[PDB]
Amino acid sequence: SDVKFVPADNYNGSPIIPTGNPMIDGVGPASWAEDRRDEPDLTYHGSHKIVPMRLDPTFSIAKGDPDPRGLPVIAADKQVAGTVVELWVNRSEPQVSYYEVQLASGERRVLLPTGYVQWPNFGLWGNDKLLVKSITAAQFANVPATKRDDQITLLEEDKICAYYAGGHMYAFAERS
Amino acid sequence: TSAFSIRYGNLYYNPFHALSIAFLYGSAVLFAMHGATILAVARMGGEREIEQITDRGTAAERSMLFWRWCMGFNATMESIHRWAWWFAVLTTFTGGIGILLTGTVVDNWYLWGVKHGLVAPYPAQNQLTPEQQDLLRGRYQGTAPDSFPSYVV
Ligand code: BCL
Ligand code: BCL
Ligand SMILES: *[C@H]1O[C@H](CO)[C@@H](O[C@@H]2O[C@@H](C)[C@H](O)[C@@H](O)[C@H]2O)[C@H](O)[C@@H]1O[C@H]1O[C@H](C(=O)O)[C@@H](O[C@H]2O[C@H](CO)[C@@H](O)[C@H](O)[C@H]2NC(C)=O)[C@H](OC(C)=O)[C@H]1OC(C)=O
Ligand SMILES: CC(C)=CCC/C(C)=C/CC/C(C)=C/CC/C(C)=C/CC/C(C)=C/CC/C(C)=C/CC/C(C)=C/CC/C(C)=C/CC1=C(C)C(=O)c2ccccc2C1=O
Ligand SMILES: CCCCCCCC/C=C\CCCCCCCC(=O)O[C@H](COC(=O)CCCCCCCCCCCCCCC)COP(=O)(O)OC[C@@H](O)CO
Ligand SMILES: [Fe+3]
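Pasting the structure below:
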């Protein structure tokens, strides 16, 4: 049975219990909108709204902010998960939408929504590393992939954000 | 603003003023609820409300479920902005009607409140004799004196 969850018991209004790993299967706070359109979001003129910064030289870091590239990323278990290789930007409302992380002790590169990063000392001083409180450095290996490296679809956005959202409940749990 | 309420016998008993307050407070209720809701899902892209309206993500779903589980019913990402729109709009619309009714249809809102049963009874703080009822009748306010009388006599 591939079904992702089962009822805790037969009474009305009982919880469901995940069968497999809830972060991978997408159950509870790890779940995503599974019917979401698998296409890129577009600017008013129809270019891809969210792209790696190297693809649009219009964008640059505001002078006197740190560039986060090359910093280590520290996961919830204090392990070094990787290092920031690239920034992805929203071209409709200029901001950094995702860090792209080269995984430490692995081949793969993964996206990391900036809502889940924080600076040491909340950016005021130091700024020598990034903190990801929500998942362990092992779990960074299972972060969902984008089909291409120059664009991201709305479904891929939902999948990636849902992965880090579930971590605060499931990262330190044997439920895997 | 104070004197208008004094002149027309306490604007708290104007039912369109009472409604206008209900919508004014409801606008603060809604924007507190909605502002907090969207910030609570902003790390999942909930602030990109136009995308969430046209292509519902998990951020929209979680916003709907929070309120459904909290209070038994929910809006959508689009329709919460209709609730927001009407509550703000109805604040000044009901307000305007209450002002137009004042001094044209009702000159004393507290007495209109007595008539229609709005006014809670309190025990009497004083009682007038029939002689006091005529003595304590005032006079309506008139013109100021346009002279400086001498009392030389
Ligand atoms: C805030 C500053 C003042 C005050 C000044 C005013 C003024 C001035 C007015 C009101 C008005 C109202 N006030 Mg009051 N009010 C206060 C404290 C309260 C408290 C409280 C703290 O518990 C409550 C529940 C109320 C409740 C109410 C409603 C009867 C009415 C519409 C409010 C509204 O739509 O708000 C926004 C909220 C919503 C849109 C959500 C829905 C709220 C519903 C309508 C509340 C119903 C409560 C019900 C009567 C009692 C429930 C308990 C029962 C035992 C079951 N007031 C304090 C003392 N209030 C207006 C009115 O119509 O007076 C006749 C009015 O003119
Ligand atoms: C003693 C005082 C009286 C009283 C007397 C009045 C009177 C009188 C009025 C109100 C009105 C209102 N009162 Mg009352 N009010 C009292 C007690 C209260 C209490 C309370 C907790 O006790 C509350 C919450 C309220 C709340 C309210 C609002 C619901 C309502 C105004 C709506 C609005 O958005 O107006 C704010 C919005 C506006 C004024 C709209 C302005 C829009 C324009 C287009 C802006 C133009 C700006 C221009 C371009 C630039 C200007 C330049 C300068 C001229 C230099 N009142 C008591 C009973 N109240 C009004 C109402 O609707 O009554 C039914 C009203 O007229
Ligand atoms: C100055 O004159 C003004 C205007 O009359 C008086 O104000 C009047 O009384 C006030 C209650 C009210 O606020 C105001 O609207 C107005 O009605 C003000 O008090 C001064 O009064 C003295 O002068 C009065 C005047 O108008 O000349 C005078 O009034 C009386 O005499 C005139 C002239 O013969 C006559 O036109 C008036 O009708 C007449 N009124 C009355 C009521 O007798 C006042 O004399 C008296 C007795 O009132 C003056 O008052 C005093 C104490 O000197
Ligand atoms: C007392 C009793 C009968 C008990 C019986 C036993 C029961 C029922 C037991 C079950 C357990 C419990 C605890 C039940 C609770 C029962 C109670 C007390 C219920 C009362 C609920 C309640 C507070 C009702 C008041 C409703 C009112 C008037 C609310 C004011 C605000 C208002 C106008 C809201 C309408 C607009 C909505 C729907 C806003 C929510 C909303 C917001 C704010 C968004 O931002 C958003 C963004 C994206 C998608 C959706 C939304 C969304 O739905
Ligand atoms: C204990 C819970 C109480 C909830 C209700 C709380 C109150 C809601 C808040 C503010 C409203 C303020 C504006 C209204 C002012 C109210 C004063 C008013 O004008 O009343 C009459 C008109 O309205 C009326 O009859 C009609 C009143 C309609 C009120 C509708 C209120 C909104 C819906 C409420 C749904 C509750 C569902 C509860 C589910 C659990 C007067 O005229 P009429 O001489 O003809 O009558 C006389 C007769 O009502 C006896 O006095
Ligand atoms: Fe909004």
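Respectively, the protein sequence lines represent chains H2 and M.
Under PDB author numbering, read the first sequence as residues 1 to 36, 38 to 177, first letter to last.
Residue 336 in PDB author numbering is what sits at position 152 of the second sequence, and the numbering runs on without skipping anything.
Cβ atoms here follow ideal geometry from the backbone N, Cα and C, with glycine treated the same way.
Q: Alpha carbon to alpha carbon, how far is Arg70 (chain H2) from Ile237 (chain M)? Give it in angstroms, no decimals.
A: Reading the second sequence from its first residue, position 53 is the one you call residue 237 (chain M). Reading the first sequence from its first residue, position 69 is the one you call residue 70 (chain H2). Straight-line Cα distance between these residues: approximately 34 Å.
Report yes or no: do the region 241-254 of chain M and the region 188-206 of chain M share at least 3 C-beta pairs separated by less than 8 Å? no
Query - Coil, strand or helix - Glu101 (chain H2) by DSSP - result: Residue mapping note: residue 101 (chain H2) aligns to position 100 of the first sequence, counting from 1. Correct three-state label for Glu101 (chain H2): strand.
Rounded to whole angstroms, what is the Cα-Cα separation between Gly167 (chain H2) and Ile16 (chain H2)? On the first sequence, residue 167 (chain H2) is found 166 positions in, with the first residue counted as 1. On the first sequence, residue 16 (chain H2) is found 16 positions in, with the first residue counted as 1. Roughly 16 Å separates the two Cα atoms.
Would you report the Cα separation of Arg191 (chain M) and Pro29 (chain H2), rounded to the nearest angstrom? Here residue 191 (chain M) corresponds to residue number 7 of the second sequence, with the count starting at 1. Here residue 29 (chain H2) corresponds to residue number 29 of the first sequence, with the count starting at 1. Near 58 Å, if we compare the C-alpha coordinates of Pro29 (chain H2) and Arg191 (chain M).
**Item:** Within chain M, the residues that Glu158 (chain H2) reaches when beta carbons sit closer than 7 Å
**Value:** Start at 1 with the first residue of the first sequence, and residue 158 (chain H2) comes out as number 157. From the beta-carbon of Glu158 (chain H2), the residues of chain M found nearer than 7 Å are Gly229.
**Three-way DSSP call (helix, strand, coil) for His218 (chain M) in this model** = If you number the second sequence from 1, residue 218 (chain M) lands on position 34. Assignment of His218 (chain M) by DSSP, reduced to helix, strand and coil, places it in the helix class.
Item to complete: State whether the region 73-80 of chain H2 contacts the region 125-145 of chain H2, with contact taken as three or more CB pairs (one from each stretch) at a distance under 8 Å.
Response: Output reads yes: the region 125-145 of chain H2 touches the region 73-80 of chain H2.
- Please compile the residues from chain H2 whose C-beta is within a distance smaller than 9 Å of the C-beta of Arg240 (chain M). One-based indexing of the second sequence puts residue 240 (chain M) at position 56. Residues of chain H2 passing the Cβ test: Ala33, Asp35 and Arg36.
Could you confirm whether any beta carbon from chain M is found closer than 9 Å to the beta carbon of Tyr117 (chain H2)? Reading the first sequence from its first residue, position 116 is the one you call residue 117 (chain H2). Chain M has a Cβ within less than 9 Å of the Cβ of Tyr117 (chain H2).
Option in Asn128 (chain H2), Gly47 (chain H2) and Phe5 (chain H2) with minimal Cα separation from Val27 (chain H2):
Position 27 of the first sequence, counted from the start, is the residue given in the question as residue 27 (chain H2). The candidate whose alpha carbon is nearest that of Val27 (chain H2) is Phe5 (chain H2).
Self-check item: Distance, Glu101 (chain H2) Cα to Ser61 (chain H2) Cα
Solution: As a first step, residue 61 (chain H2) is located in the first sequence; it is residue number 60 there, counting from the start. As a first step, residue 101 (chain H2) is located in the first sequence; it is residue number 100 there, counting from the start. Going from the Cα of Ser61 (chain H2) to the Cα of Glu101 (chain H2) covers about 16 Å.
Quick check on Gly210 (chain M): does DSSP put it in helix, strand or coil?
Within the second sequence, numbered from 1, the residue matching residue 210 (chain M) stands at position 26. The answer is helix: DSSP assigns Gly210 (chain M) an H, G or I state.
Of all residues in the structure, which have a C-beta closer than 5 Å to any heavy atom of ligand 3, taken in chain order? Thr327 (chain M), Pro329 (chain M), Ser331 (chain M) and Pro333 (chain M)
Check: For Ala33 (chain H2), is the classification buried or exposed, using 16 other Cβ atoms within 10 angstroms of its Cβ as the cut-off for buried?
Finding: The sequence position of residue 33 (chain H2) within the first sequence is 33, counting from 1. It is buried - the Cβ of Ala33 (chain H2) has at least 16 other Cβ atoms within 10 Å.
Please decide whether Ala166 (chain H2) counts as near chain M, where near means a Cβ-Cβ distance under 9 Å. As a working mapping, residue 166 (chain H2) is identified with position 165 in the first sequence. At least one chain M Cβ lies under 9 Å of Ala166 (chain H2).
Check your understanding: Got a list of residues with beta-carbon closer than 7 Å to any non-hydrogen atom of ligand 5, in chain order?
Key -> Result (chain order): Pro199 (chain M), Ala202 (chain M), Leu203 (chain M), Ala206 (chain M), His300 (chain M), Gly301 (chain M) and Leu302 (chain M).
Is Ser98 (chain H2) near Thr115 (chain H2), with beta carbons less than 9 Å apart?
As a first step, residue 98 (chain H2) must be located in the first sequence, where it is residue number 97. As a first step, residue 115 (chain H2) must be located in the first sequence, where it is residue number 114. Their beta carbons are under 9 Å apart, which means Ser98 (chain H2) touches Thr115 (chain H2) by this criterion.
Open item on the list: Going by DSSP in three states, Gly83 (chain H2) sits in which element: helix, strand or coil?
Closed with: Mapped onto the first sequence, residue 83 (chain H2) falls at position 82. Under the three-state reduction of DSSP, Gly83 (chain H2) is assigned to strand.
Between the CA atoms of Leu302 (chain M) and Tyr335 (chain M) - distance to the nearest angstrom:
What you label residue 335 (chain M) is simply residue 151 of the second sequence in a count that begins at 1. What you label residue 302 (chain M) is simply residue 118 of the second sequence in a count that begins at 1. Distance between the alpha carbons of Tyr335 (chain M) and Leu302 (chain M) is about 51 Å.
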